[PDB]
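The chain below stands alone, shown as structure tokens; this is the form deposited in one PDB entry.
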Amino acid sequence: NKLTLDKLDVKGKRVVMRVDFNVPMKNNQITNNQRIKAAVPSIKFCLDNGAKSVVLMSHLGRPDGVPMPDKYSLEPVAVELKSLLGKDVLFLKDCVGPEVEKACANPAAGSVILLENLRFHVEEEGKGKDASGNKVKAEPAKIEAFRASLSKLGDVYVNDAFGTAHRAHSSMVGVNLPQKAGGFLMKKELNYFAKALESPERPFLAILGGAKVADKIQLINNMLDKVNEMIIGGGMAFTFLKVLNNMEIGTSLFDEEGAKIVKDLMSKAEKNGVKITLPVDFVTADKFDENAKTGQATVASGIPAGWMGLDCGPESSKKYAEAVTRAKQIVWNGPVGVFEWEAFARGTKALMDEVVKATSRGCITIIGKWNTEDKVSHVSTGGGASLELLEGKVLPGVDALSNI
């Protein structure tokens, strides 16, 4: 029970809101505006309930504590947000200090202000790199001044930046105001994850894909305490199948360090009564390339020398659909093939099709140009944060919110 924005009285108040506007950019303009979109409901709520101002703060990229306004400025985000809000956004070329404080001290009623990239200061992350690429540490008195300056910019604080909530950064745990509320995005992410983690509908299926095994050990370990079924798919599966079945895997991804714990994970699954589904067939490629020659293989055939599996095949898609069919709650993290490449996308799109059907019949479905909004219960906006939650860790940014 943390304070949320809907329970905060903002009438006549300056709202300082941490958002996640760390959007994809191409040299350098906005390629996907979904994170910006995702914040509008909190922003409008504030303006609709009489807030005097909304001061928005975020990072963009990894400028590493160096001001990089030619490369990583938030300026284009002000223009995009104006389009999406239907309201003027003032952009400020810094995020702390006397001119910014004065600008945010008493804005005209209803003013939306977006500050420049917080990570242009080393005090946000607390560590950074210099102009030469060497590591620098922030000084405590400077971190204190930075956090104090941010704290002046609002009367109340909102954190809607679930994508950054795993970082104990100044804008996340250092704002000292009497009320610190989660935004509606934050609320939605924590509710889908708390529900799922602590009181799952059943059966609860975890679908885990991605490339490396060793970086998902704790994820799998924690999820085996919560779930009833688990598909281990995608690039990870080859390490499992090599160890458990002595499968011939070609040049498929193999994690030497993960391989040591495969059997340990399968034991924990056997100990908690979790039914594990691995793939049984593959689309193969002659090299790691979008237009590689393709082939087909099974666990029993092996993958031929020099070839790699980049997708599951049709029999796997069936077994995966059977598990999705049985589930009343699904959490999916990581794809089941190289879905950016059409030839290796069928498995992922097929599994998505199933998850969308499941949603239609009341399955709670969580995925860690498309209106994906209508089709699944929840698409998470934060990769690393949602992983850290799935691994069973506390998020500093959530823990810092006010209780009530």
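In this text, residue numbers run from 1 along the sequence as written.
Although it is not shown, the form deposited in another entry is what the next lines describe.
Student: Can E201 and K287 be said to ride on the same rigid part between the shown form and the other one?
Tutor: Yes, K287 belongs to the same rigid part as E201 (C-alpha assigned to the better-fitting superposition).
Student: Can you tell whether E391 sits closer to or farther from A214 in the other form than it does here, judged by CA atoms, where the change is 3 Å or more?
Tutor: Pair moves farther apart in the other form.
Student: Please check whether, in the other form, the CA atoms of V158 and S199 lie closer or farther apart than here, given a change of 3 Å or more.
Tutor: Farther is correct, given that in the other form the C-alpha spacing of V158 to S199 is increased by at least 3 Å.
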